[PDB]
$ cat input_37.txt   # compact mmCIF, C-alpha atoms and all ligand atoms
# COMPACT_ATOMS: atom_id res chain seq x y z
CA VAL A 449 0.00 0.00 0.00
CA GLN A 450 1.20 3.52 -0.83
CA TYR A 451 1.98 5.58 2.28
CA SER A 452 2.28 9.36 2.49
CA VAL A 453 4.04 11.61 4.98
CA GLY A 454 1.59 12.51 7.76
CA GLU A 455 -0.25 9.20 8.13
CA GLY A 456 0.04 7.03 11.22
CA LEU A 457 0.93 3.40 11.97
CA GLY A 458 0.12 1.07 14.85
CA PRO A 459 -3.02 2.47 16.48
CA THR A 460 -3.26 2.46 20.28
CA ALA A 461 -5.70 3.81 22.85
CA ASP A 462 -3.87 7.09 23.51
CA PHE A 463 -3.22 7.46 19.75
CA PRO A 464 -6.11 6.02 17.71
CA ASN A 465 -4.54 7.31 14.46
CA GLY A 466 -1.21 5.51 14.98
CA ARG A 467 1.53 5.48 17.59
CA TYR A 468 4.17 6.12 14.91
CA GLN A 469 3.78 9.13 12.60
CA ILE A 470 5.43 9.07 9.18
CA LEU A 471 7.96 11.87 8.69
CA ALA A 472 10.07 10.77 5.71
CA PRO A 473 10.97 7.76 3.56
CA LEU A 474 14.09 5.89 4.65
CA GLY A 475 14.46 2.91 2.33
CA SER A 476 12.89 0.15 0.30
CA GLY A 477 13.38 -3.48 -0.61
CA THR A 478 11.65 -6.66 -1.71
CA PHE A 479 10.42 -7.01 1.88
CA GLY A 480 8.59 -3.68 1.74
CA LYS A 481 9.37 -0.12 2.83
CA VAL A 482 11.31 1.42 5.73
CA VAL A 483 10.00 4.78 6.90
CA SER A 484 11.26 7.37 9.38
CA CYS A 485 8.70 7.89 12.14
CA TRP A 486 8.00 9.94 15.25
CA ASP A 487 7.03 7.73 18.19
CA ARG A 488 4.16 9.53 19.92
CA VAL A 489 4.74 7.47 23.08
CA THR A 490 8.46 8.05 23.67
CA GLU A 491 8.69 11.22 21.51
CA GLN A 492 11.80 10.02 19.68
CA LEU A 493 12.74 9.20 16.11
CA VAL A 494 12.41 5.54 15.11
CA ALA A 495 12.62 3.57 11.87
CA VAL A 496 9.55 1.47 11.09
CA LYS A 497 10.09 -1.35 8.60
CA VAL A 498 6.72 -2.29 7.08
CA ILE A 499 6.61 -5.66 5.30
CA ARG A 500 4.64 -6.31 2.13
CA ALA A 501 1.27 -8.02 2.49
CA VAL A 502 2.70 -11.36 1.32
CA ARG A 503 3.10 -14.58 3.28
CA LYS A 504 6.77 -15.30 2.51
CA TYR A 505 7.96 -11.85 3.55
CA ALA A 506 5.79 -12.17 6.67
CA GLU A 507 7.62 -15.38 7.63
CA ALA A 508 10.92 -13.63 6.95
CA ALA A 509 9.87 -10.68 9.12
CA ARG A 510 8.90 -12.97 12.00
CA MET A 511 12.27 -14.71 11.74
CA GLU A 512 13.91 -11.27 11.87
CA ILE A 513 11.87 -10.39 14.96
CA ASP A 514 12.92 -13.58 16.73
CA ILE A 515 16.61 -13.24 15.86
CA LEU A 516 16.68 -9.57 16.85
CA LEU A 517 15.05 -10.40 20.17
CA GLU A 518 17.91 -12.81 20.83
CA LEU A 519 20.50 -10.28 19.62
CA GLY A 520 19.15 -7.41 21.71
CA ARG A 521 19.01 -9.70 24.72
CA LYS A 522 22.64 -10.80 24.37
CA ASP A 523 23.96 -7.32 23.47
CA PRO A 524 21.69 -4.40 24.45
CA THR A 525 24.31 -1.68 24.05
CA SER A 526 25.05 -3.19 20.60
CA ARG A 527 28.79 -3.37 21.21
CA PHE A 528 28.87 -5.70 18.18
CA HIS A 529 27.21 -3.29 15.72
CA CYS A 530 23.86 -5.04 15.13
CA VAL A 531 20.73 -2.95 14.66
CA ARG A 532 18.62 -2.62 17.81
CA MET A 533 14.98 -3.64 17.39
CA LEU A 534 12.87 -1.55 19.75
CA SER A 535 9.41 -2.99 19.06
CA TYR A 536 7.20 -4.90 16.63
CA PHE A 537 3.49 -4.95 15.80
CA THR A 538 0.99 -5.57 12.99
CA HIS A 539 -0.63 -2.70 11.09
CA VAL A 540 -4.01 -3.41 9.50
CA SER A 541 -4.95 -1.42 6.40
CA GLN A 542 -8.22 0.14 5.28
CA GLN A 543 -8.64 -2.82 2.90
CA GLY A 544 -8.07 -5.44 5.61
CA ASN A 545 -4.42 -5.98 4.66
CA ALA A 546 -2.16 -6.92 7.59
CA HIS A 547 1.50 -5.84 7.46
CA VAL A 548 4.19 -6.82 9.94
CA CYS A 549 6.11 -3.83 11.30
CA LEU A 550 9.47 -3.79 13.06
CA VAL A 551 10.48 -0.65 14.97
CA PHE A 552 14.26 -0.12 15.03
CA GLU A 553 16.55 2.59 16.27
CA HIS A 554 16.75 5.43 13.75
CA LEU A 555 20.02 5.24 11.80
CA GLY A 556 21.57 7.21 8.97
CA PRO A 557 22.14 6.29 5.33
CA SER A 558 23.51 3.03 4.01
CA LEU A 559 27.00 2.33 2.71
CA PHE A 560 25.37 2.10 -0.72
CA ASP A 561 23.89 5.56 -0.13
CA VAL A 562 27.39 6.85 0.63
CA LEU A 563 28.89 5.25 -2.48
CA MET A 564 26.15 6.73 -4.67
CA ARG A 565 26.25 10.22 -3.13
CA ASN A 566 29.97 10.37 -3.98
CA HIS A 567 29.26 9.26 -7.59
CA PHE A 568 30.60 5.74 -6.90
CA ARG A 569 34.13 7.04 -6.46
CA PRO A 570 36.42 4.64 -4.57
CA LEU A 571 36.06 4.84 -0.78
CA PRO A 572 39.37 5.78 0.90
CA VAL A 573 41.29 2.90 2.44
CA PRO A 574 41.22 4.14 6.09
CA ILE A 575 37.42 4.56 6.08
CA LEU A 576 37.20 1.22 4.28
CA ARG A 577 39.27 -0.30 7.10
CA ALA A 578 37.13 1.20 9.87
CA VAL A 579 33.92 -0.02 8.24
CA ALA A 580 35.38 -3.45 7.49
CA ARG A 581 36.63 -3.86 11.06
CA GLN A 582 33.24 -3.02 12.56
CA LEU A 583 31.40 -5.20 10.02
CA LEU A 584 33.82 -8.07 10.71
CA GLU A 585 33.19 -7.61 14.43
CA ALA A 586 29.45 -7.95 13.79
CA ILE A 587 29.96 -11.04 11.63
CA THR A 588 32.22 -12.56 14.30
CA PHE A 589 29.51 -11.84 16.88
CA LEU A 590 26.81 -13.54 14.82
CA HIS A 591 28.78 -16.56 13.61
CA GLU A 592 30.70 -17.41 16.77
CA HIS A 593 28.60 -16.08 19.69
CA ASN A 594 25.22 -17.00 18.17
CA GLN A 595 25.83 -19.57 15.39
CA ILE A 596 23.79 -17.31 13.09
CA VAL A 597 24.55 -16.70 9.40
CA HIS A 598 23.33 -13.49 7.78
CA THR A 599 23.41 -14.49 4.06
CA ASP A 600 22.57 -10.95 2.97
CA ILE A 601 25.82 -9.02 3.47
CA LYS A 602 25.50 -6.12 1.01
CA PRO A 603 26.32 -2.39 1.13
CA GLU A 604 22.60 -1.61 1.50
CA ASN A 605 22.55 -3.50 4.84
CA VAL A 606 25.37 -1.48 6.45
CA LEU A 607 24.11 1.80 7.90
CA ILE A 608 25.92 4.83 9.31
CA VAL A 609 25.23 5.72 12.94
CA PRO A 610 24.07 9.34 12.60
CA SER A 611 26.38 10.59 15.37
CA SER A 612 29.30 9.74 13.08
CA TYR A 613 27.52 11.40 10.15
CA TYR A 614 27.83 15.15 9.72
CA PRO A 615 25.84 17.88 7.93
CA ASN A 616 28.67 18.13 5.39
CA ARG A 617 27.66 14.53 4.53
CA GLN A 618 31.28 13.33 4.23
CA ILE A 619 32.11 10.35 6.44
CA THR A 620 35.54 10.00 8.04
CA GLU A 621 37.58 7.16 9.52
CA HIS A 622 35.70 7.63 12.82
CA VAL A 623 32.41 6.51 11.25
CA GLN A 624 30.30 4.04 13.25
CA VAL A 625 28.21 1.49 11.36
CA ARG A 626 25.46 -1.02 12.13
CA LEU A 627 24.55 -4.23 10.31
CA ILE A 628 20.84 -4.59 9.56
CA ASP A 629 18.31 -6.89 7.87
CA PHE A 630 18.01 -10.27 9.58
CA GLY A 631 14.99 -11.35 7.52
CA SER A 632 17.09 -13.94 5.67
CA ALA A 633 19.31 -15.11 8.53
CA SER A 634 19.45 -18.71 9.74
CA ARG A 635 20.57 -20.37 12.96
CA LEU A 636 23.09 -23.15 12.27
CA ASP A 637 23.40 -24.62 15.77
CA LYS A 638 21.45 -27.76 14.81
CA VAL A 639 21.78 -27.89 11.00
CA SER A 640 24.94 -26.14 9.84
CA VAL A 641 24.74 -26.82 6.07
CA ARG A 642 21.83 -25.70 3.87
CA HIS A 643 21.05 -25.74 0.15
CA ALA A 644 18.36 -23.09 -0.41
CA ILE A 645 19.03 -20.19 -2.75
CA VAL A 646 20.04 -17.24 -0.55
CA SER A 647 22.09 -14.02 -0.84
CA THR A 648 21.61 -11.12 -3.22
CA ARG A 649 22.87 -12.19 -6.66
CA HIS A 650 25.89 -9.88 -6.77
CA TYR A 651 27.17 -11.20 -3.41
CA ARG A 652 26.11 -14.84 -3.75
CA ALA A 653 28.79 -17.40 -2.93
CA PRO A 654 29.63 -20.02 -5.59
CA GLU A 655 28.70 -23.00 -3.39
CA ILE A 656 25.15 -21.64 -3.27
CA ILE A 657 24.95 -21.68 -7.07
CA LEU A 658 26.71 -25.04 -7.50
CA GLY A 659 24.76 -26.90 -4.81
CA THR A 660 27.58 -28.29 -2.63
CA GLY A 661 25.98 -26.97 0.59
CA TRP A 662 26.54 -23.53 2.11
CA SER A 663 27.17 -22.49 5.70
CA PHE A 664 28.87 -19.63 7.56
CA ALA A 665 31.64 -19.33 4.94
CA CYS A 666 29.24 -17.82 2.39
CA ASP A 667 29.01 -14.63 4.45
CA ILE A 668 32.79 -14.25 4.20
CA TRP A 669 32.51 -14.43 0.40
CA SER A 670 29.89 -11.68 0.50
CA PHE A 671 32.17 -9.70 2.81
CA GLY A 672 35.01 -10.06 0.32
CA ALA A 673 32.81 -8.87 -2.52
CA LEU A 674 31.71 -5.86 -0.48
CA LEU A 675 35.32 -4.95 0.25
CA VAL A 676 36.28 -5.01 -3.43
CA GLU A 677 33.25 -2.82 -4.13
CA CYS A 678 34.35 -0.29 -1.50
CA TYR A 679 37.79 -0.25 -3.08
CA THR A 680 36.45 0.62 -6.55
CA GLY A 681 32.99 2.08 -5.95
CA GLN A 682 31.60 -0.45 -8.45
CA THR A 683 29.73 -3.72 -8.06
CA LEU A 684 32.15 -6.59 -8.62
CA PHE A 685 29.87 -9.20 -10.22
CA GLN A 686 27.45 -7.47 -12.61
CA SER A 687 25.43 -10.37 -14.02
CA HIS A 688 22.15 -12.18 -13.38
CA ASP A 689 23.08 -15.41 -15.21
CA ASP A 690 24.62 -18.35 -13.36
CA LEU A 691 27.00 -19.43 -16.13
CA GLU A 692 28.22 -15.86 -16.66
CA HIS A 693 28.50 -15.31 -12.90
CA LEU A 694 30.63 -18.41 -12.38
CA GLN A 695 32.77 -17.44 -15.37
CA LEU A 696 33.28 -13.96 -13.90
CA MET A 697 34.37 -15.62 -10.65
CA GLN A 698 36.81 -17.83 -12.55
CA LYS A 699 38.18 -14.82 -14.45
CA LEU A 700 38.62 -12.61 -11.37
CA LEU A 701 40.63 -15.40 -9.68
CA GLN A 702 42.20 -17.28 -12.61
CA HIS A 703 45.76 -16.29 -11.66
CA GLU A 704 45.08 -16.99 -7.97
CA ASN A 705 46.66 -20.28 -6.89
CA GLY A 706 44.12 -23.09 -6.93
CA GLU A 707 40.89 -21.21 -7.72
CA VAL A 708 38.93 -23.15 -10.36
CA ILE A 709 35.15 -23.50 -10.66
CA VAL A 710 34.45 -27.21 -10.15
CA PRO A 711 31.05 -28.88 -10.73
CA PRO A 712 29.26 -30.56 -7.82
CA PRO A 713 29.35 -34.34 -7.35
CA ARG A 714 26.65 -35.90 -9.50
CA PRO A 715 23.89 -37.29 -7.24
CA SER A 716 22.01 -40.53 -7.74
CA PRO A 717 19.07 -40.51 -10.18
CA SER A 718 16.89 -41.67 -7.28
CA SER A 719 17.57 -38.46 -5.32
CA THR A 720 14.72 -35.98 -4.83
CA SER A 721 16.35 -33.67 -2.27
CA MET A 722 16.49 -29.92 -2.82
CA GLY A 723 20.28 -30.19 -2.88
CA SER A 724 20.25 -32.85 -5.59
CA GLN A 725 17.91 -30.76 -7.74
CA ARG A 726 20.20 -27.75 -7.37
CA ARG A 727 23.17 -29.97 -8.25
CA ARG A 728 21.40 -31.17 -11.41
CA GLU A 729 20.58 -27.62 -12.49
CA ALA A 730 24.22 -26.70 -11.82
CA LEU A 731 25.65 -29.67 -13.73
CA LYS A 732 23.52 -28.48 -16.65
CA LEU A 733 26.02 -25.57 -16.74
CA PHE A 734 29.09 -27.80 -17.21
CA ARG A 735 30.54 -29.91 -20.01
CA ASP A 736 33.02 -32.68 -19.12
CA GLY A 737 33.94 -30.96 -15.87
CA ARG A 738 34.60 -27.53 -17.38
CA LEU A 739 32.29 -24.53 -17.18
CA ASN A 740 30.38 -24.42 -20.47
CA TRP A 741 31.45 -20.86 -21.28
CA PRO A 742 31.05 -19.14 -23.66
CA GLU A 743 29.33 -21.78 -25.81
CA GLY A 744 26.68 -22.32 -23.13
CA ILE A 745 25.49 -18.70 -23.22
CA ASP A 746 23.52 -19.33 -26.43
CA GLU A 747 23.59 -23.10 -26.97
CA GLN A 748 21.17 -23.23 -29.91
CA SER A 749 22.55 -20.18 -31.74
CA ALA A 750 25.80 -20.71 -33.62
CA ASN A 751 26.26 -16.92 -34.02
CA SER A 752 24.82 -15.02 -31.06
CA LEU A 753 25.00 -11.37 -30.03
CA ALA A 754 24.29 -12.27 -26.39
CA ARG A 755 27.32 -14.57 -26.37
CA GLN A 756 29.49 -11.81 -27.85
CA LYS A 757 28.31 -9.38 -25.18
CA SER A 758 29.06 -11.99 -22.52
CA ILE A 759 32.57 -12.40 -23.96
CA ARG A 760 33.07 -8.62 -23.81
CA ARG A 761 31.70 -8.40 -20.26
CA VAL A 762 33.99 -11.19 -19.04
CA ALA A 763 36.97 -9.57 -20.78
CA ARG A 764 36.20 -6.33 -18.92
CA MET A 765 36.43 -8.23 -15.61
CA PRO A 766 39.89 -7.54 -14.14
CA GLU A 767 42.16 -10.02 -12.45
CA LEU A 768 42.00 -9.60 -8.68
CA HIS A 769 45.69 -8.72 -8.28
CA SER A 770 45.42 -5.94 -10.88
CA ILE A 771 42.60 -4.07 -9.11
CA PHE A 772 44.72 -2.85 -6.20
CA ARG A 773 47.56 -0.34 -6.25
CA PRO A 774 50.89 -1.62 -4.89
CA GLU A 775 50.67 0.35 -1.63
CA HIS A 776 47.46 -1.53 -0.77
CA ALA A 777 49.04 -5.00 -1.14
CA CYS A 778 47.99 -5.92 2.41
CA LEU A 779 44.33 -5.31 1.59
CA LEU A 780 44.72 -7.54 -1.46
CA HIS A 781 45.90 -10.38 0.77
CA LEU A 782 42.97 -9.76 3.12
CA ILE A 783 40.53 -10.11 0.24
CA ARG A 784 42.35 -13.23 -0.94
CA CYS A 785 41.49 -14.73 2.46
CA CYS A 786 37.78 -14.15 1.64
CA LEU A 787 37.29 -14.54 -2.13
CA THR A 788 38.06 -18.23 -2.49
CA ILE A 789 35.84 -20.56 -4.50
CA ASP A 790 36.17 -23.39 -1.98
CA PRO A 791 34.29 -22.26 1.16
CA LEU A 792 36.58 -24.53 3.21
CA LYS A 793 39.48 -22.18 2.38
CA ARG A 794 37.89 -18.92 3.58
CA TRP A 795 39.07 -17.55 6.92
CA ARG A 796 36.87 -17.25 9.96
CA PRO A 797 35.81 -13.67 10.77
CA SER A 798 37.72 -13.79 14.07
CA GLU A 799 40.86 -14.77 12.14
CA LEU A 800 40.25 -11.97 9.63
CA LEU A 801 40.01 -9.49 12.52
CA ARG A 802 43.63 -10.43 13.31
CA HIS A 803 44.88 -9.87 9.76
CA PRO A 804 47.75 -7.38 9.26
CA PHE A 805 45.34 -5.06 7.41
CA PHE A 806 43.67 -4.37 10.77
CA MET A 807 46.17 -5.03 13.57
CA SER A 808 49.07 -3.30 11.82
CA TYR A 809 47.03 -0.08 11.79
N1 LIG B 1 17.12 1.88 11.07
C1 LIG B 1 17.23 2.36 9.82
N2 LIG B 1 17.59 3.65 9.66
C2 LIG B 1 17.70 4.13 8.42
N3 LIG B 1 17.51 3.50 7.25
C3 LIG B 1 17.15 2.23 7.45
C4 LIG B 1 16.99 1.59 8.66
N4 LIG B 1 16.63 0.26 8.48
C5 LIG B 1 16.57 0.14 7.18
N5 LIG B 1 16.87 1.28 6.49
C6 LIG B 1 16.90 1.45 5.03
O1 LIG B 1 15.95 0.57 4.46
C7 LIG B 1 16.61 -0.39 3.61
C8 LIG B 1 16.76 -1.69 4.36
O2 LIG B 1 16.96 -2.79 3.49
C9 LIG B 1 17.90 0.28 3.18
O3 LIG B 1 17.64 1.15 2.08
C10 LIG B 1 18.27 1.11 4.41
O4 LIG B 1 19.01 2.28 4.13
$ encode --input "input_37.txt" --output "structure tokens" --more "lines below"
Ligand SMILES: Nc1ncnc2c1ncn2[C@@H]1O[C@H](CO)[C@@H](O)[C@H]1O
Amino acid sequence: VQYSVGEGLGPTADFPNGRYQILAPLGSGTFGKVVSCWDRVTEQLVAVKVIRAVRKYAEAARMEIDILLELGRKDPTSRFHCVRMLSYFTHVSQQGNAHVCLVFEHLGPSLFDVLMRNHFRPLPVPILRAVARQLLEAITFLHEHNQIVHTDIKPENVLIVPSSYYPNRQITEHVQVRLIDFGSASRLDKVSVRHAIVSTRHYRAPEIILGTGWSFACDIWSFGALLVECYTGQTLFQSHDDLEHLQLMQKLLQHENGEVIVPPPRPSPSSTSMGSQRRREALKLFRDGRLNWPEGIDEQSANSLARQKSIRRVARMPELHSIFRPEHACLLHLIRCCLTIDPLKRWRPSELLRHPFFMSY
């Protein structure tokens, strides 16, 4: 439903027109819309995330509510940089539509907002380091103190604490950030390996595409991607095709020791599991163990313009080592610890927090 500035949300006795009054738009996503609100009870600014009137996003929102209850219980000050959820309710519409609403602390713009406002110019390395350290602290918190995996590490889900922000709208190395959006997170304390399609495309780890089971390590891959983005201001993997995405991965890391896209083990024909179906769809992308690129881009067409554009796009993809200037060699190594095709090779976030890129500063 379309919402305008001035309308209310969450009606109570003292405020029959809504406890939370809309002041400004804050953000949007497939889940719904996040709106800046004035809490008529506490007379403070809050951020109300309203979920779309769909069942799947409602389940996701309830999972986010549960996880954020646990996270606010185990860290109320938010020493580990996770967004504080103040409240949650259900707003009914004039048409009978029920929307889940989560009330969070009011934060500033996203890291994506920062990158856009500066015309996608590369983020300086010291600010990059501050943000990466705090984000890595949050990921360490989740993974190792809660056995929770986020799966949606993206620049849109890292927000600036407004106290660090300034009216000149230029962040410094003292910026404070918070990780948000736990509507896709999963607890791995009982089942640590999953096979469902998760992660935003551009930050999706290869094991998720290939079907060899993902776990905590996938977040690290996303983290790595994000870092490269912050170094260049540009999205690393710009593709929505699985074959092209895996080829871009292979190209970015071709001259990295031991990084080759390998197909999953072929399951039995009498296997109906979600993982086996993903593995079959993934094997459909390979020919004799090699990634069917570029001939697989347009199989039927012998002379295709889409295949030629895919060839050009993969050629434009740089080798990882060539992206970074020499003086930033350390950062390169840090990202090598994250952008590995085998999830078993990626470092733990606690180990990454002890990398020279951080503890030599
Ligand atoms: N607490 C918050 N403060 C400010 N913006 C937020 C908050 N939570 C979510 N958003 C915005 O809504 C979207 C969340 O996916 C992003 O665009 C993000 O900037």
$ residues_around --input "input_37.txt" --residues "residue 452 of chain A" --least-positions-apart "5" --cutoff "9 Å" --atoms "only C-alpha atoms" --output "list in words"
residues 470, 471, 472 and 473 of chain A
$ residues_around --input "input_37.txt" --residues "residue 659 of chain A" --least-positions-apart "6" --cutoff "7 Å" --atoms "only C-alpha atoms" --output "VMD selection string"
chain A and resid 643 712 723 726 to 727
$ residues_around --input "input_37.txt" --residues "segment 628-642 of chain A" --least-positions-apart "3" --cutoff "7 Å" --atoms "all atoms listed in the file" --output "number ranges by chain"
A: 508-509, 511-512, 530-531, 595-600, 605-606, 661-663
$ closest_residue --input "input_37.txt" --among "A:684, A:694, A:494, A:519" --to "ligand LIG 1 (chain B)" --atoms "all atoms listed in the file"
A:494
$ residues_around --input "input_37.txt" --residues "residue 743 of chain A" --least-positions-apart "3" --cutoff "12 Å" --atoms "all atoms listed in the file" --output "PyMOL selection string"
chain A and resi 691-692+695+733-735+738-740+746-752+754-756+758-759
$ residues_near_ligand --input "input_37.txt" --ligand "ligand LIG 1 (chain B)" --cutoff "9 Å" --atoms "only C-alpha atoms and all ligand atoms" --output "PyMOL selection string"
chain A and resi 473-484+494-497+531-533+551-561+604-609+626+628-629
$ atom_distance --input "input_37.txt" --atom1 "atom CA of residue 660 of chain A" --atom2 "atom CA of residue 713 of chain A"
7.9 Å
$ atom_distance --input "input_37.txt" --atom1 "atom CA of residue 766 of chain A" --atom2 "atom CA of residue 674 of chain A"
16.0 Å
$ atom_distance --input "input_37.txt" --atom1 "atom CA of residue 461 of chain A" --atom2 "atom CA of residue 449 of chain A"
23.9 Å
$ closest_residue --input "input_37.txt" --among "A:543, A:797, A:654, A:612" --to "residue 593 of chain A" --atoms "only C-alpha atoms"
A:797
$ closest_residue --input "input_37.txt" --among "A:625, A:468, A:514, A:501" --to "residue 527 of chain A" --atoms "all atoms listed in the file"
A:625
$ closest_residue --input "input_37.txt" --among "A:783, A:789, A:627, A:653" --to "residue 710 of chain A" --atoms "all atoms listed in the file"
A:789
$ residues_around --input "input_37.txt" --residues "residue 657 of chain A" --least-positions-apart "5" --cutoff "8 Å" --atoms "only C-alpha atoms" --output "JSON, numbers by chain"
{"A": [645, 652, 690, 726, 730]}
$ write_last_selection --input "input_37.txt" --atoms "C-alpha atoms" --output "short mmCIF file (atom, residue, chain, number, x, y, z; two decimals), in the coordinates of the input"
data_model
loop_
_atom_site.label_atom_id
_atom_site.label_comp_id
_atom_site.auth_asym_id
_atom_site.auth_seq_id
_atom_site.Cartn_x
_atom_site.Cartn_y
_atom_site.Cartn_z
CA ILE A 645 19.03 -20.19 -2.75
CA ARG A 652 26.11 -14.84 -3.75
CA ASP A 690 24.62 -18.35 -13.36
CA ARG A 726 20.20 -27.75 -7.37
CA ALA A 730 24.22 -26.70 -11.82
#
$ closest_residue --input "input_37.txt" --among "A:571, A:548, A:493, A:786" --to "residue 506 of chain A" --atoms "all atoms listed in the file"
A:548
$ closest_residue --input "input_37.txt" --among "A:722, A:701, A:668, A:485" --to "residue 793 of chain A" --atoms "all atoms listed in the file"
A:668
$ axis_aligned_box --input "input_37.txt" --around "segment 603-609 of chain A" --padding-each-side "5 Å" --output "AutoDock Vina command-line options"
--center_x 24.4 --center_y 1.1 --center_z 7.0 --size_x 13.8 --size_y 19.2 --size_z 21.8
